[PDB]
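One file, entry.txt, is given below (compact mmCIF, N, CA and C atoms).
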# COMPACT_ATOMS: atom_id res chain seq x y z
N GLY A 1 -104.21 -2.67 58.41
CA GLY A 1 -103.81 -1.36 59.02
C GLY A 1 -104.81 -0.97 60.10
N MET A 2 -106.09 -0.85 59.74
CA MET A 2 -107.11 -0.42 60.71
C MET A 2 -108.24 -1.44 60.86
N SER A 3 -108.26 -2.45 60.01
CA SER A 3 -109.21 -3.52 60.20
C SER A 3 -108.57 -4.91 60.18
N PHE A 4 -109.28 -5.87 60.77
CA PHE A 4 -109.01 -7.28 60.53
C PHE A 4 -110.28 -8.12 60.68
N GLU A 5 -110.24 -9.29 60.05
CA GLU A 5 -111.34 -10.24 60.09
C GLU A 5 -110.85 -11.60 60.63
N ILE A 6 -111.60 -12.15 61.58
CA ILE A 6 -111.36 -13.52 62.06
C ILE A 6 -112.58 -14.39 61.79
N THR A 7 -112.34 -15.54 61.16
CA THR A 7 -113.42 -16.47 60.84
C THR A 7 -113.12 -17.81 61.49
N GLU A 8 -114.11 -18.36 62.20
CA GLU A 8 -114.00 -19.66 62.91
C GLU A 8 -115.35 -20.40 62.94
N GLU A 9 -115.32 -21.73 62.90
CA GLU A 9 -116.55 -22.52 62.95
C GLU A 9 -116.60 -23.39 64.20
N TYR A 10 -117.78 -23.45 64.81
CA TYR A 10 -117.96 -24.20 66.04
C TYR A 10 -119.11 -25.18 65.88
N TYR A 11 -118.97 -26.35 66.50
CA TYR A 11 -119.99 -27.39 66.43
C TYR A 11 -121.03 -27.20 67.51
N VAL A 12 -121.65 -26.04 67.47
CA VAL A 12 -122.55 -25.60 68.49
C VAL A 12 -123.47 -24.59 67.76
N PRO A 13 -124.73 -24.44 68.20
CA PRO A 13 -125.68 -23.58 67.49
C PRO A 13 -125.47 -22.09 67.81
N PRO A 14 -125.95 -21.17 66.94
CA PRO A 14 -125.65 -19.73 67.06
C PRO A 14 -125.96 -19.08 68.42
N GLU A 15 -127.08 -19.46 69.03
CA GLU A 15 -127.56 -18.84 70.28
C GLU A 15 -126.55 -18.95 71.42
N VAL A 16 -125.83 -20.06 71.44
CA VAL A 16 -124.83 -20.34 72.46
C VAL A 16 -123.61 -19.42 72.24
N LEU A 17 -123.22 -19.22 70.99
CA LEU A 17 -122.14 -18.27 70.69
C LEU A 17 -122.57 -16.82 70.95
N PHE A 18 -123.79 -16.48 70.54
CA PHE A 18 -124.40 -15.18 70.83
C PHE A 18 -124.41 -14.88 72.34
N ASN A 19 -124.85 -15.85 73.14
CA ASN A 19 -124.79 -15.76 74.61
C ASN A 19 -123.40 -15.40 75.08
N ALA A 20 -122.42 -16.09 74.54
CA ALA A 20 -121.04 -15.94 75.00
C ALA A 20 -120.53 -14.50 74.84
N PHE A 21 -121.05 -13.78 73.84
CA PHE A 21 -120.62 -12.42 73.59
C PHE A 21 -121.41 -11.37 74.37
N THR A 22 -122.56 -11.76 74.94
CA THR A 22 -123.50 -10.78 75.47
C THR A 22 -123.95 -11.02 76.92
N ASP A 23 -123.42 -12.07 77.54
CA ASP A 23 -123.85 -12.48 78.86
C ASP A 23 -122.70 -12.28 79.85
N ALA A 24 -122.95 -11.43 80.84
CA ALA A 24 -121.93 -11.03 81.81
C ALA A 24 -121.25 -12.23 82.48
N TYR A 25 -122.03 -13.25 82.83
CA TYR A 25 -121.46 -14.39 83.54
C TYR A 25 -120.61 -15.30 82.64
N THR A 26 -120.96 -15.41 81.36
CA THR A 26 -120.12 -16.11 80.40
C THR A 26 -118.88 -15.28 80.08
N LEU A 27 -119.08 -13.98 79.83
CA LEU A 27 -117.96 -13.08 79.57
C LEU A 27 -116.89 -13.11 80.67
N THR A 28 -117.34 -13.09 81.93
CA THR A 28 -116.46 -13.21 83.09
C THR A 28 -115.65 -14.53 83.07
N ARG A 29 -116.30 -15.65 82.72
CA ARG A 29 -115.59 -16.92 82.58
C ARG A 29 -114.59 -16.83 81.46
N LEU A 30 -114.94 -16.16 80.37
CA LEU A 30 -114.02 -16.00 79.24
C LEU A 30 -112.86 -15.06 79.59
N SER A 31 -113.07 -14.26 80.64
CA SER A 31 -112.08 -13.31 81.18
C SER A 31 -111.35 -13.92 82.37
N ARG A 32 -111.41 -15.24 82.48
CA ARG A 32 -110.79 -15.96 83.59
C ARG A 32 -111.04 -15.32 84.94
N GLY A 33 -112.28 -14.92 85.19
CA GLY A 33 -112.64 -14.32 86.48
C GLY A 33 -112.76 -12.80 86.67
N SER A 34 -112.14 -11.98 85.83
CA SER A 34 -112.37 -10.51 85.91
C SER A 34 -113.81 -10.14 85.58
N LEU A 35 -114.42 -9.26 86.37
CA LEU A 35 -115.83 -8.94 86.18
C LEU A 35 -116.05 -8.27 84.84
N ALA A 36 -116.92 -8.89 84.04
CA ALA A 36 -117.52 -8.27 82.86
C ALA A 36 -118.84 -7.67 83.31
N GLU A 37 -119.11 -6.43 82.90
CA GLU A 37 -120.40 -5.79 83.14
C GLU A 37 -121.11 -5.54 81.79
N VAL A 38 -122.41 -5.82 81.77
CA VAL A 38 -123.19 -5.86 80.53
C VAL A 38 -124.57 -5.30 80.78
N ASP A 39 -124.90 -4.21 80.09
CA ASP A 39 -126.27 -3.73 80.01
C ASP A 39 -126.72 -4.03 78.58
N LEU A 40 -127.35 -5.19 78.40
CA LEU A 40 -127.66 -5.69 77.05
C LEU A 40 -128.87 -5.04 76.38
N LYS A 41 -128.62 -3.86 75.79
CA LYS A 41 -129.64 -3.12 75.05
C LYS A 41 -128.96 -2.14 74.07
N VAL A 42 -129.67 -1.71 73.03
CA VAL A 42 -129.10 -0.77 72.07
C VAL A 42 -128.78 0.52 72.84
N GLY A 43 -127.52 0.96 72.79
CA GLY A 43 -127.07 2.08 73.61
C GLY A 43 -126.56 1.66 74.99
N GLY A 44 -126.66 0.36 75.30
CA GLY A 44 -126.25 -0.16 76.60
C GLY A 44 -124.74 -0.31 76.64
N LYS A 45 -124.16 0.00 77.79
CA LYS A 45 -122.72 -0.09 77.96
C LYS A 45 -122.27 -1.50 78.31
N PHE A 46 -120.99 -1.73 78.09
CA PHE A 46 -120.31 -2.90 78.58
C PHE A 46 -118.89 -2.57 78.96
N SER A 47 -118.34 -3.42 79.82
CA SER A 47 -117.00 -3.26 80.35
C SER A 47 -116.42 -4.64 80.62
N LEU A 48 -115.18 -4.85 80.18
CA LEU A 48 -114.45 -6.08 80.46
C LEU A 48 -113.17 -5.74 81.23
N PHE A 49 -112.70 -6.69 82.05
CA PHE A 49 -111.47 -6.57 82.83
C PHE A 49 -111.43 -5.26 83.66
N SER A 50 -112.45 -5.06 84.49
CA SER A 50 -112.59 -3.85 85.31
C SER A 50 -112.46 -2.50 84.56
N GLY A 51 -113.01 -2.45 83.35
CA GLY A 51 -113.07 -1.22 82.58
C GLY A 51 -111.86 -0.98 81.71
N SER A 52 -111.03 -2.00 81.54
CA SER A 52 -109.87 -1.95 80.66
C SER A 52 -110.27 -1.98 79.18
N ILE A 53 -111.38 -2.66 78.92
CA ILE A 53 -112.04 -2.68 77.63
C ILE A 53 -113.46 -2.17 77.89
N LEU A 54 -113.87 -1.13 77.17
CA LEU A 54 -115.25 -0.65 77.25
C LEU A 54 -115.88 -0.45 75.89
N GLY A 55 -117.19 -0.37 75.89
CA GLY A 55 -117.93 -0.27 74.67
C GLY A 55 -119.39 -0.04 74.94
N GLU A 56 -120.17 -0.25 73.90
CA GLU A 56 -121.58 0.07 73.85
C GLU A 56 -122.19 -0.73 72.70
N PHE A 57 -123.28 -1.43 73.00
CA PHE A 57 -124.04 -2.17 72.00
C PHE A 57 -124.81 -1.21 71.11
N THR A 58 -124.67 -1.38 69.80
CA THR A 58 -125.33 -0.47 68.84
C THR A 58 -126.30 -1.21 67.93
N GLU A 59 -126.23 -2.54 67.94
CA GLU A 59 -127.18 -3.40 67.23
C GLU A 59 -127.21 -4.80 67.84
N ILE A 60 -128.40 -5.20 68.25
CA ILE A 60 -128.61 -6.54 68.82
C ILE A 60 -129.69 -7.26 68.05
N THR A 61 -129.25 -8.09 67.10
CA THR A 61 -130.13 -8.94 66.29
C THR A 61 -129.93 -10.40 66.70
N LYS A 62 -130.62 -10.82 67.76
CA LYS A 62 -130.51 -12.17 68.32
C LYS A 62 -131.13 -13.24 67.43
N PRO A 63 -130.41 -14.38 67.19
CA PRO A 63 -129.03 -14.73 67.61
C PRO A 63 -127.92 -14.61 66.52
N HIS A 64 -128.16 -13.75 65.53
CA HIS A 64 -127.38 -13.71 64.30
C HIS A 64 -126.25 -12.68 64.25
N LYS A 65 -126.47 -11.52 64.87
CA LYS A 65 -125.54 -10.38 64.75
C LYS A 65 -125.55 -9.48 65.99
N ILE A 66 -124.37 -8.98 66.32
CA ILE A 66 -124.22 -7.85 67.23
C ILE A 66 -123.22 -6.86 66.61
N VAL A 67 -123.38 -5.59 66.95
CA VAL A 67 -122.45 -4.52 66.56
C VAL A 67 -122.17 -3.68 67.80
N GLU A 68 -120.92 -3.25 67.95
CA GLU A 68 -120.48 -2.54 69.15
C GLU A 68 -119.59 -1.37 68.80
N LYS A 69 -119.68 -0.29 69.57
CA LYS A 69 -118.52 0.60 69.81
C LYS A 69 -117.64 -0.12 70.84
N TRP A 70 -116.33 0.02 70.73
CA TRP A 70 -115.39 -0.83 71.46
C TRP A 70 -114.04 -0.14 71.53
N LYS A 71 -113.52 0.04 72.74
CA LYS A 71 -112.17 0.58 72.91
C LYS A 71 -111.46 -0.06 74.12
N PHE A 72 -110.13 -0.02 74.11
CA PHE A 72 -109.34 -0.14 75.33
C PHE A 72 -109.37 1.24 75.98
N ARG A 73 -109.36 1.30 77.31
CA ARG A 73 -109.49 2.60 77.96
C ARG A 73 -108.30 3.52 77.75
N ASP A 74 -107.21 2.98 77.22
CA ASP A 74 -106.00 3.75 77.04
C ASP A 74 -105.91 4.41 75.65
N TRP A 75 -106.90 4.15 74.80
CA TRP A 75 -107.05 4.88 73.54
C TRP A 75 -107.49 6.33 73.83
N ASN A 76 -107.35 7.19 72.83
CA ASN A 76 -107.84 8.56 72.94
C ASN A 76 -109.28 8.57 73.37
N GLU A 77 -109.64 9.56 74.18
CA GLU A 77 -111.00 9.69 74.70
C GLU A 77 -112.03 9.57 73.56
N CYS A 78 -111.74 10.22 72.43
CA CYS A 78 -112.59 10.22 71.24
C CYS A 78 -112.64 8.89 70.48
N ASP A 79 -111.52 8.17 70.43
CA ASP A 79 -111.41 6.98 69.57
C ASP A 79 -112.25 5.78 70.03
N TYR A 80 -113.01 5.22 69.09
CA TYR A 80 -113.83 4.03 69.30
C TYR A 80 -113.73 3.17 68.05
N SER A 81 -113.38 1.90 68.21
CA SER A 81 -113.42 0.99 67.07
C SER A 81 -114.84 0.42 66.91
N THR A 82 -115.04 -0.37 65.86
CA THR A 82 -116.31 -1.03 65.62
C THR A 82 -116.07 -2.52 65.56
N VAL A 83 -116.79 -3.25 66.41
CA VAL A 83 -116.77 -4.70 66.35
C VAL A 83 -118.13 -5.21 65.86
N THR A 84 -118.09 -6.05 64.84
CA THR A 84 -119.30 -6.69 64.32
C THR A 84 -119.08 -8.19 64.45
N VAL A 85 -120.06 -8.90 64.98
CA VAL A 85 -119.91 -10.34 65.15
C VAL A 85 -121.13 -11.01 64.55
N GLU A 86 -120.88 -11.89 63.59
CA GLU A 86 -121.93 -12.65 62.95
C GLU A 86 -121.84 -14.11 63.37
N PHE A 87 -123.02 -14.68 63.65
CA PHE A 87 -123.20 -16.08 64.00
C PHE A 87 -124.10 -16.71 62.96
N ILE A 88 -123.48 -17.37 61.98
CA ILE A 88 -124.19 -17.86 60.81
C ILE A 88 -124.38 -19.37 60.90
N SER A 89 -125.63 -19.83 60.81
CA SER A 89 -125.93 -21.26 60.86
C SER A 89 -125.52 -22.02 59.59
N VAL A 90 -124.44 -22.79 59.68
CA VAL A 90 -123.91 -23.55 58.56
C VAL A 90 -124.86 -24.73 58.33
N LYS A 91 -125.08 -25.49 59.40
CA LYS A 91 -126.10 -26.52 59.46
C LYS A 91 -126.52 -26.64 60.93
N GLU A 92 -127.29 -27.67 61.27
CA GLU A 92 -127.66 -27.89 62.66
C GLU A 92 -126.45 -28.17 63.57
N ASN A 93 -126.42 -27.43 64.68
CA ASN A 93 -125.34 -27.46 65.66
C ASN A 93 -123.96 -27.25 65.04
N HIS A 94 -123.87 -26.28 64.15
CA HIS A 94 -122.63 -25.92 63.44
C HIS A 94 -122.79 -24.44 63.08
N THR A 95 -122.03 -23.57 63.72
CA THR A 95 -122.15 -22.13 63.49
C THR A 95 -120.86 -21.53 62.96
N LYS A 96 -121.00 -20.63 61.99
CA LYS A 96 -119.85 -19.92 61.46
C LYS A 96 -119.73 -18.58 62.14
N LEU A 97 -118.67 -18.43 62.94
CA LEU A 97 -118.37 -17.19 63.63
C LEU A 97 -117.45 -16.30 62.78
N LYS A 98 -117.94 -15.11 62.45
CA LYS A 98 -117.18 -14.15 61.68
C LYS A 98 -117.09 -12.85 62.46
N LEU A 99 -115.90 -12.58 63.00
CA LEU A 99 -115.66 -11.33 63.69
C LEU A 99 -114.90 -10.29 62.83
N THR A 100 -115.51 -9.10 62.67
CA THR A 100 -114.88 -7.98 61.98
C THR A 100 -114.57 -6.82 62.93
N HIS A 101 -113.30 -6.42 62.96
CA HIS A 101 -112.88 -5.32 63.82
C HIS A 101 -112.35 -4.20 62.91
N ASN A 102 -113.11 -3.09 62.83
CA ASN A 102 -112.80 -1.93 61.96
C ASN A 102 -112.43 -0.72 62.80
N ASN A 103 -111.87 0.29 62.15
CA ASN A 103 -111.73 1.63 62.73
C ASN A 103 -110.88 1.60 63.98
N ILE A 104 -109.84 0.77 63.94
CA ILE A 104 -108.84 0.66 64.99
C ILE A 104 -107.83 1.81 64.82
N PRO A 105 -107.65 2.64 65.86
CA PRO A 105 -106.68 3.75 65.78
C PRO A 105 -105.23 3.28 65.62
N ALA A 106 -104.39 4.16 65.09
CA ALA A 106 -102.98 3.87 64.81
C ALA A 106 -102.18 3.80 66.10
N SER A 107 -102.66 4.52 67.12
CA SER A 107 -102.00 4.51 68.42
C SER A 107 -102.95 4.94 69.54
N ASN A 108 -102.54 4.68 70.77
CA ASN A 108 -103.32 5.07 71.93
C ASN A 108 -103.05 6.54 72.28
N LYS A 109 -103.60 7.01 73.39
CA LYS A 109 -103.40 8.39 73.81
C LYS A 109 -101.99 8.78 74.32
N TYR A 110 -101.07 7.82 74.43
CA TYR A 110 -99.68 8.12 74.81
C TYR A 110 -98.78 7.87 73.62
N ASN A 111 -99.41 7.83 72.45
CA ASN A 111 -98.72 7.72 71.16
C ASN A 111 -97.93 6.44 70.97
N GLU A 112 -98.38 5.39 71.66
CA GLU A 112 -97.79 4.06 71.49
C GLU A 112 -98.55 3.35 70.39
N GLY A 113 -97.81 2.67 69.51
CA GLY A 113 -98.39 1.95 68.39
C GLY A 113 -98.71 0.50 68.71
N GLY A 114 -98.81 -0.32 67.67
CA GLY A 114 -99.15 -1.73 67.78
C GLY A 114 -100.53 -2.06 68.31
N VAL A 115 -101.48 -1.15 68.09
CA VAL A 115 -102.84 -1.32 68.58
C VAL A 115 -103.58 -2.46 67.89
N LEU A 116 -103.37 -2.58 66.58
CA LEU A 116 -104.07 -3.60 65.80
C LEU A 116 -103.71 -5.01 66.29
N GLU A 117 -102.42 -5.34 66.41
CA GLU A 117 -102.05 -6.68 66.92
C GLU A 117 -102.58 -6.91 68.34
N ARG A 118 -102.58 -5.87 69.16
CA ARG A 118 -103.10 -6.00 70.52
C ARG A 118 -104.58 -6.40 70.52
N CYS A 119 -105.39 -5.77 69.66
CA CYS A 119 -106.78 -6.20 69.44
C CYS A 119 -106.91 -7.63 68.91
N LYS A 120 -106.06 -7.98 67.94
CA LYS A 120 -106.08 -9.29 67.30
C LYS A 120 -105.60 -10.44 68.23
N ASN A 121 -104.46 -10.25 68.92
CA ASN A 121 -104.03 -11.20 69.95
C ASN A 121 -105.07 -11.35 71.06
N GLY A 122 -105.69 -10.24 71.47
CA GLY A 122 -106.83 -10.30 72.42
C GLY A 122 -107.94 -11.27 72.01
N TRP A 123 -108.31 -11.26 70.73
CA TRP A 123 -109.36 -12.16 70.26
C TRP A 123 -108.86 -13.59 70.09
N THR A 124 -107.75 -13.78 69.39
CA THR A 124 -107.28 -15.12 69.08
C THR A 124 -106.78 -15.86 70.34
N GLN A 125 -106.01 -15.16 71.18
CA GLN A 125 -105.23 -15.78 72.27
C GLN A 125 -105.99 -15.90 73.57
N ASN A 126 -106.96 -15.02 73.80
CA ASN A 126 -107.71 -15.03 75.05
C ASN A 126 -109.18 -15.37 74.81
N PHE A 127 -109.90 -14.40 74.27
CA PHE A 127 -111.34 -14.49 74.11
C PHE A 127 -111.82 -15.66 73.26
N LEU A 128 -111.39 -15.72 72.01
CA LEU A 128 -111.85 -16.81 71.13
C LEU A 128 -111.28 -18.16 71.54
N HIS A 129 -110.07 -18.15 72.10
CA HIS A 129 -109.44 -19.35 72.62
C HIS A 129 -110.26 -19.98 73.74
N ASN A 130 -110.73 -19.16 74.67
CA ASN A 130 -111.45 -19.67 75.83
C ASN A 130 -112.86 -20.18 75.55
N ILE A 131 -113.46 -19.71 74.45
CA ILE A 131 -114.72 -20.27 73.95
C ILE A 131 -114.51 -21.75 73.65
N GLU A 132 -113.40 -22.07 73.01
CA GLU A 132 -113.08 -23.46 72.78
C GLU A 132 -112.72 -24.23 74.09
N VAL A 133 -111.73 -23.73 74.83
CA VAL A 133 -111.10 -24.48 75.94
C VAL A 133 -111.80 -24.38 77.31
N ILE A 134 -112.34 -23.21 77.64
CA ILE A 134 -113.09 -23.00 78.88
C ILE A 134 -114.57 -23.41 78.70
N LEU A 135 -115.20 -22.90 77.65
CA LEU A 135 -116.59 -23.18 77.40
C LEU A 135 -116.83 -24.57 76.78
N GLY A 136 -115.77 -25.23 76.32
CA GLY A 136 -115.90 -26.57 75.78
C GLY A 136 -116.67 -26.64 74.47
N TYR A 137 -116.64 -25.56 73.69
CA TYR A 137 -117.25 -25.62 72.37
C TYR A 137 -116.19 -26.04 71.37
N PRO A 138 -116.40 -27.19 70.73
CA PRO A 138 -115.41 -27.68 69.77
C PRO A 138 -115.41 -26.84 68.48
N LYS A 139 -114.21 -26.65 67.94
CA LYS A 139 -114.00 -25.84 66.76
C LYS A 139 -113.16 -26.57 65.70
N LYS A 140 -113.51 -26.36 64.42
CA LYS A 140 -112.70 -26.85 63.30
C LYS A 140 -111.23 -26.51 63.43
For the file at hand, write its structure as structure tokens.
Amino acid sequence: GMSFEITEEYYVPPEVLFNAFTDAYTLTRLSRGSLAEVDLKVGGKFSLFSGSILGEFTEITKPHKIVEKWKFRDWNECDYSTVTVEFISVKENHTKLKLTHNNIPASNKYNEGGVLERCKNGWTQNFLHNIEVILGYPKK
């Protein structure tokens, strides 16, 4: 309803996956060219797809964990979801990626629903997909 969890393993070490979530130039490649902007610090803002997705870093524990406030700009001004991303070392050059997306609103500011699938398709179909296919990180 308001949360989902995605779990994936990559044959690459945690720091490289951590980079991919926090580095403007990697984020832009994962966005197929739309400018990602990143101020990488606690309280630092971020923006993907020219401000279509915005957020703020709230915890940066390199290279194991990040936590974010995170919204599409079309959500209510007040509404912010929480994204937590863990990069867990299974063994050498093998990382377990666990993404948790909580506190997803039932609808945007124009009372349109289907917000949860939109967040989930965003991760599976674009972002997490391109880590494999664009960045060339092999996945189970």
* In Å to one decimal, how far is CA of residue 45 in chain A from atom C of residue 130 in chain A? ->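 Computed distance, atom C of residue 130 in chain A to CA of residue 45 in chain A, equals 22.5 Å.
Each of A:74, A:112, A:4, A:12 was compared to residue 138 in chain A using all atoms listed in the file, and A:12 turns out to be the nearest.
Minimum atom-to-atom distances from A:10, A:57, A:110, A:127 to residue 69 in chain A were compared using all atoms listed in the file, and the lowest value belongs to A:57.
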* So, counting all atoms listed in the file, which residue among A:20, A:134, A:68, A:51 is closest to residue 35 in chain A? -> A:51
* So what do you get for CA of residue 19 in chain A versus CA of residue 121 in chain A, distance-wise? ->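 Answer for the CA of residue 19 in chain A to CA of residue 121 in chain A separation: 21.8 Å.
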* Near range 58-64 of chain A, within 6.5 Å and counting only N, CA and C atoms, which residues show up once chain neighbours fewer than 2 positions away are dropped, as an MDAnalysis selection string? -> chainID A and resid 14:15 18 41:44 56 66:69 85:88
* Asked: Pick from A:123, A:49, A:75, A:21: nearest to residue 105 in chain A, with all atoms listed in the file counted?
  ->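 Distance minimum relative to residue 105 in chain A lands on A:75.
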* Which is closest to residue 70 in chain A among A:140, A:30, A:119, A:50, if we use only C-alpha atoms? ->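 Comparing A:140, A:30, A:119, A:50 against residue 70 in chain A, the winner is A:119.
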* **Selected residue of minimal separation from residue 31 in chain A among A:115, A:17, A:83, A:48, counting all atoms listed in the file** =>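 Looking at the shortest contact to residue 31 in chain A, the residue is A:48.
As for atom N of residue 106 in chain A and atom N of residue 2 in chain A, they are spaced 7.5 Å apart.
Every protein, DNA or RNA residue with an atom at most 8 Å from residue 22 in chain A, where only N, CA and C atoms count and chain neighbours fewer than 5 positions away do not, is listed here: residues 17, 27, 37, 38, 39 and 40 of chain A.
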* To do: Mind checking which residues fall within 8 Å of residue 77 in chain A, counting only N, CA and C atoms, ignoring those fewer than 4 positions away in the same chain, and posting them as a ChimeraX atom specification?
  => /A:73,108-109
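Among the residues of chain A, backbone DSSP assigns alpha helix (DSSP H) to residues 14, 15, 16, 17, 18, 19, 20, 21, 22, 24, 25, 26, 27, 28, 29, 30, 115, 116, 117, 118, 119, 120, 121, 128, 129, 130, 131, 132 and 133 of chain A.
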* Asked: Could you name the residues that touch residue 13 in chain A at 7 Å or less, counting only C-alpha atoms, but leaving out those on the same chain fewer than 3 positions away, as a PyMOL selection string?
  -> chain A and resi 16+92-95
Reconstruct range 66-82 of chain A at the level of N, CA, C and O atoms, and format the result as a compact mmCIF listing (two decimals), in the coordinates of the input.
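Printed below is selection.txt as written:
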# COMPACT_ATOMS: atom_id res chain seq x y z
N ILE A 66 -124.37 -8.98 66.32
CA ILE A 66 -124.22 -7.85 67.23
C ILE A 66 -123.22 -6.86 66.61
O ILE A 66 -122.39 -7.24 65.82
N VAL A 67 -123.38 -5.59 66.95
CA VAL A 67 -122.45 -4.52 66.56
C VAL A 67 -122.17 -3.68 67.80
O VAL A 67 -123.07 -3.41 68.61
N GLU A 68 -120.92 -3.25 67.95
CA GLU A 68 -120.48 -2.54 69.15
C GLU A 68 -119.59 -1.37 68.80
O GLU A 68 -118.83 -1.46 67.83
N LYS A 69 -119.68 -0.29 69.57
CA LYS A 69 -118.52 0.60 69.81
C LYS A 69 -117.64 -0.12 70.84
O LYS A 69 -118.16 -0.77 71.75
N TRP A 70 -116.33 0.02 70.73
CA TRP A 70 -115.39 -0.83 71.46
C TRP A 70 -114.04 -0.14 71.53
O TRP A 70 -113.46 0.22 70.49
N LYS A 71 -113.52 0.04 72.74
CA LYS A 71 -112.17 0.58 72.91
C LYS A 71 -111.46 -0.06 74.12
O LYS A 71 -112.12 -0.61 74.99
N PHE A 72 -110.13 -0.02 74.11
CA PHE A 72 -109.34 -0.14 75.33
C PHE A 72 -109.37 1.24 75.98
O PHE A 72 -109.40 2.26 75.27
N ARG A 73 -109.36 1.30 77.31
CA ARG A 73 -109.49 2.60 77.96
C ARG A 73 -108.30 3.52 77.75
O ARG A 73 -108.38 4.70 78.04
N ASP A 74 -107.21 2.98 77.22
CA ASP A 74 -106.00 3.75 77.04
C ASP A 74 -105.91 4.41 75.65
O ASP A 74 -104.95 5.14 75.37
N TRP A 75 -106.90 4.15 74.80
CA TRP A 75 -107.05 4.88 73.54
C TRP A 75 -107.49 6.33 73.83
O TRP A 75 -107.96 6.64 74.93
N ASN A 76 -107.35 7.19 72.83
CA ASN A 76 -107.84 8.56 72.94
C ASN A 76 -109.28 8.57 73.37
O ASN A 76 -110.05 7.68 72.98
N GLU A 77 -109.64 9.56 74.18
CA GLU A 77 -111.00 9.69 74.70
C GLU A 77 -112.03 9.57 73.56
O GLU A 77 -113.03 8.85 73.71
N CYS A 78 -111.74 10.22 72.43
CA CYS A 78 -112.59 10.22 71.24
C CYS A 78 -112.64 8.89 70.48
O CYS A 78 -113.69 8.53 69.93
N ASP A 79 -111.52 8.17 70.43
CA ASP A 79 -111.41 6.98 69.57
C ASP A 79 -112.25 5.78 70.03
O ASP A 79 -112.26 5.41 71.20
N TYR A 80 -113.01 5.22 69.09
CA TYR A 80 -113.83 4.03 69.30
C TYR A 80 -113.73 3.17 68.05
O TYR A 80 -113.98 3.65 66.95
N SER A 81 -113.38 1.90 68.21
CA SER A 81 -113.42 0.99 67.07
C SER A 81 -114.84 0.42 66.91
O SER A 81 -115.73 0.69 67.73
N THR A 82 -115.04 -0.37 65.86
CA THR A 82 -116.31 -1.03 65.62
C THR A 82 -116.07 -2.52 65.56
O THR A 82 -115.23 -2.99 64.78
